[PDB]
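Starting from 1, each residue takes its place in the sequence as its number. Note that ligands are numbered from 1 as they come in the structure, with each ligand's atoms numbered from 1 the same way. The figures here come from the full heavy-atom set of this structure, side chains too, leaving out hydrogens, waters and symmetry mates.
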Amino acid sequence: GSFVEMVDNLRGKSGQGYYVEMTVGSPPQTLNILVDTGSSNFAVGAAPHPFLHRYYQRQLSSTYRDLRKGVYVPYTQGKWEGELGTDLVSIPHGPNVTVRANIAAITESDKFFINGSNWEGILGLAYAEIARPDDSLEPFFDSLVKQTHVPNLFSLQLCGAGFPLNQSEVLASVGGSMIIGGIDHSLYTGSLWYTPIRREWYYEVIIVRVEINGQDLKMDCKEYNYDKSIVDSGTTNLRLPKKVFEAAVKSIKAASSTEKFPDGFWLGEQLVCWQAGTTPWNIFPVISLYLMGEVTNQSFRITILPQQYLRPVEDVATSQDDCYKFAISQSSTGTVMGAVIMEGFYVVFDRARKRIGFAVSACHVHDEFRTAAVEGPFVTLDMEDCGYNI
Ligand SMILES: CN1C(=N)N[C@@]2(c3ccc(-c4ccc(F)c(C#N)c4)s3)CN(c3ccccc3)C[C@H]2C1=O
């Protein structure tokens, strides 16, 4: 592990998001910021809000610069509106550098800040193409790389606890690591396997095969990436295109058929509980996603366990049972490899080489009989045909 200053710098959980501490302004104002590989704006609360105990106060920063322009982001998971500007930004448990970056000061919002959560802003780590209002607003990481000698790469280790963390626990527990500018070998086991970044906007990738307990879902691979497949730390679930979700759930139900679960469980709405320690992990199947490799006609697979796709939740009766929600859900905007997927792996966003690497995470939850895996290579033909074009 060569990046000790950044190891264990994240806090949070899949249902709340994972955040890192950052400072903005002069003198520095500390804020907790959600790490989001699914967007490209650095946006922070900049006005009082019932669910925030602190916010960016531009009038107290001597280095604040007003861009005299607004920004409006429509409902996705809450909507917000703000004013653009720039200021000096740093990451305390990060690279020892300070950079001038764009900041969207959020002044009005709806269903964006969450009651009970501990983050006050979001750090969009994707590319300029999807930045708002348009691609002229340079994202934070681009600024960081342009202004310093930090390598054009970051890596994320999101650590699910495997059980519920209460209010106090989630604040005191280490939720993972965001290594800025490098790869820390203490965070994974085995080898790193890389898949190409198909296009630089979201972190888009191409899935070429899907298995449920080794059984091929057998769909035209284009369906797996309709209309795109992305890696998104800002999404809790593994989200799959409608048709794929339908086929996958049928197969997961069949594999776990020795126990019947209500429709509400498969819809991700209701929890299921078992007596303490008796969760029947073994009846649930492993899920493997094969990704295009860097070599022609070669692919590799990442395999997750039910310990990744069943999200631990507190029982309504705060009993002693072990309860969970099914964290695979449908999407009309493509596959989203969210926290569910990311908690099983150390993920390397190698922007410099336009590729994303995966290795088994040193903090993934498993049991004595099965473990998450990253394996290859496999011979796979016509993988380009798996990508979707509008
Ligand atoms: C899926 N997703 C996302 N990855 N980022 C955004 C998020 C807003 C709130 C998020 C949130 C809140 C609580 C949580 F627990 C988790 C998790 N996990 C995530 S993610 C920012 N965004 C966006 C930003 C700027 C311009 C355009 C779009 C599009 C939003 C969105 O729908």
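Aromatic ring orientation, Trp266 versus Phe326: perpendicular (interplanar angle above 60°, classes split at 30° and 60°). Taking the six-membered ring where the residue is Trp, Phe349 and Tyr203 present perpendicular rings, their angle passing 60° and hence far from 30°.
Proximity to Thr236 (heavy-atom distance under 4.0 Å) selects the following atoms of ligand 1: 17 (C), 18 (N). In the vicinity of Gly15, heavy-atom distances shorter than 4.0 Å reach the ligand 1 atoms 15 (F). Close approach to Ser14 involves these atoms of ligand 1, each under 4.0 Å from a residue heavy atom: 18 (N). Close approach of ligand 1 to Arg132 (heavy-atom distance below 4.0 Å) involves ligand atoms 26 (C), 27 (C). Taking a cut-off of under 4.0 Å to the non-hydrogen atoms of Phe112, the atoms of ligand 1 that pass are 8 (C), 9 (C).
When non-hydrogen atoms are compared, ligand 1 lies under 4.0 Å from the side chain of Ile122 (C-beta onward) but not from its backbone. Using a 4.0 Å cut-off between heavy atoms, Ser40 makes no contact with ligand 1 at all. With a heavy-atom cut-off of 4.0 Å, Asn41 touches ligand 1 through its side chain alone. At a heavy-atom distance under 4.0 Å, no atom of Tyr18 approaches ligand 1. Neither the backbone nor the side chain of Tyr202 has any atom closer than 4.0 Å to an atom of ligand 1 (non-hydrogen atoms only).
The nearest protein atom to atom 6 (C) of ligand 1, hydrogens excluded, is given as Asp36 OD2, 3.5 Å; this is a heavy-atom distance. Among all protein heavy atoms, the one lying closest to atom 23 (C) of ligand 1 is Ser39 CB, 3.6 Å. In terms of protein heavy-atom proximity, atom 11 (C) of ligand 1 is closest to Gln77 NE2, 3.5 Å. Scanning the protein for heavy atoms near atom 19 (C) of ligand 1, the closest one is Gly234 O, 3.2 Å. Nearest protein heavy-atom neighbour of atom 12 (C) of ligand 1: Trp119 CZ2, 3.7 Å. Closest to atom 31 (C) of ligand 1 among all protein heavy atoms lies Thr76 CG2, 3.9 Å.
A salt bridge links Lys242 with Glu246; the closest basic N to acidic carboxylate O contact falls under 4.0 Å. Under a 4.0 Å N-O distance rule, the pair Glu83/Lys69 does not qualify as a salt bridge. Salt bridge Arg209/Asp216: present, at least one basic N to carboxylate O contact under 4.0 Å.
Taking the ring centre of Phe112 as origin, the terminal cationic atom of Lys79 falls outside the region bounded by 6.0 Å and 45° from the ring axis.
Sequence neighbours left out, the pairs with a member in residues 135-145 that pass side-chain hydrogen bond (donor to acceptor under 3.5 Å, both in side chains) are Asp134-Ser136, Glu138-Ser143, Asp142-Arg351.
Where the criterion is an N or O separation shorter than 3.5 Å, residue side chain and backbone included, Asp232 meets it with respect to ligand 1.
Not close to ligand 1: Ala339, with no non-hydrogen atom less than 4.0 angstrom away.
Taking a 6.0 Å sphere around CD of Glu129, one finds it holds more than 12 heavy atoms contributed by other residues, nucleotides or ligands. Atom CD of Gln57 is surrounded by more than 12 heavy atoms from other residues, nucleotides or ligands within 6.0 Å.
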Discussion item. Apply side chain to side chain donor-acceptor pair (under 3.5 Å) to residues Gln307 and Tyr324 and explain how you reach the verdict.
Written reply: CA-CA 10 Å; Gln307 283 93 333; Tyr324 313 81; over 6 Å; no
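For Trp274, the side-chain hydrogen bond (donor to acceptor under 3.5 Å, both in side chains) partners two or more places apart in sequence, or in a different chain, are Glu259.
The heavy atom nearest to atom 28 (C) of ligand 1, considering only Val73, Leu158, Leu125, is found in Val73.
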